[PDB]
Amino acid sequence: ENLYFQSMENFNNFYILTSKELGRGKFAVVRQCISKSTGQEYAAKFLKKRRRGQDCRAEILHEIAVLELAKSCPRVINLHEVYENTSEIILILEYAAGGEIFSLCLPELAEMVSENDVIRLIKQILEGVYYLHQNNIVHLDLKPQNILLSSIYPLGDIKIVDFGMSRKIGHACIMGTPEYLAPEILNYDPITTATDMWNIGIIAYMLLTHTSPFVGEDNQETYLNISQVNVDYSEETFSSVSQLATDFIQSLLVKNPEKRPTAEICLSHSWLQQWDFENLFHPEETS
């Protein structure tokens, strides 16, 4: 095997790793690093090339090409540099200092997220998904753990990460956290942009109620809830949620994918229409 990207010797010459570990999976690690020349902070993701007895270098290349195609979208994480060694490919990514949006879905921090904030974050997520779909890209893993924030105090902007499952529209299809799988995946139907819209419905549900819409006592119950779309819209859970927000969710969590609205249509939903009160509004009647 011959290596393609920059050598490991150059990496240790230009960067130094810090003690802040950001994430760890079974075939990947994310750790903060700093440039020796400028002092800027970055996030370095180490990806193993061999997995489950299979060579996956080609798949990593495909993921890099997707990041490159969306370089000009502010809602998608930026790729700075790439390095390679015997067993790993290393991605130098923009650093999101705010962490996962999943932190805002817990009953602990629920007291600091206003309606204006939720409206803004959803809007920004739709802007990134619309950009991807316009290029025939489907993320297929829009969990709250893969949607980050640039800042937390105050609240920053959205950054989407983790493109390991990206595909073109029409590719054939059953793994991942069961509670986030769309009904068409459990039925082995082809891939469609509507799948990402189903996941957007879950994000909004979790931000507004701080509960999971489909998780059950075990995996068997979770699958029944999904295939039957059994969701809790009770008084107790929605006492402080507006009707327009409820309408937004109920139009996305529908069994038939052909009935879900597109990203472009979602951006025109009445729940997201808001006027910045610091601007001078010009009515329809002139002087």
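Only the largest set of C-alpha atoms that superpose within 1.5 Å between the two forms is called the rigid core. Note that residue numbering begins at 1 and tracks the sequence as displayed.
Between 111 to 119 and 91 to 99, the larger root mean square Cα shift in 8 other deposited structures of this protein, once each structure is superposed on the rigid core, falls on 111 to 119.
Across the other entries compared, none leave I169 without coordinates where the residues on each side are present, so it is far from a third. Gap between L106 and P107: none; every deposited residue in this span has coordinates. In this crystal structure, the stretch out of 92 to 100 and 150 to 158 whose C-alpha atoms carry the higher mean B factor is 150 to 158. Comparing the deposited coordinates for 67 to 75 and 83 to 91, the stretch with the larger average C-alpha B-factor is 67 to 75. Within the listed group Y223, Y42, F46, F248, the record reports its top CA B-factor for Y223. If you compare the C-alpha temperature factors of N230, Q32, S35, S242 in the entry, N230 comes out highest. Among the modelled residues of its chain, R51 has a C-alpha B-factor that falls in the highest third, as given in the PDB entry.
Split the chain's modelled residues into thirds by C-alpha temperature factor. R57 is in the lowest one. In the PDB entry, a CA B factor belonging to the middle third of its chain's modelled residues is recorded for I137.
In the PDB entry, a CA B factor belonging to the middle third of its chain's modelled residues is recorded for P213.
The entry lists a Cα temperature factor for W271 that places it in the lowest third of the chain's modelled residues.
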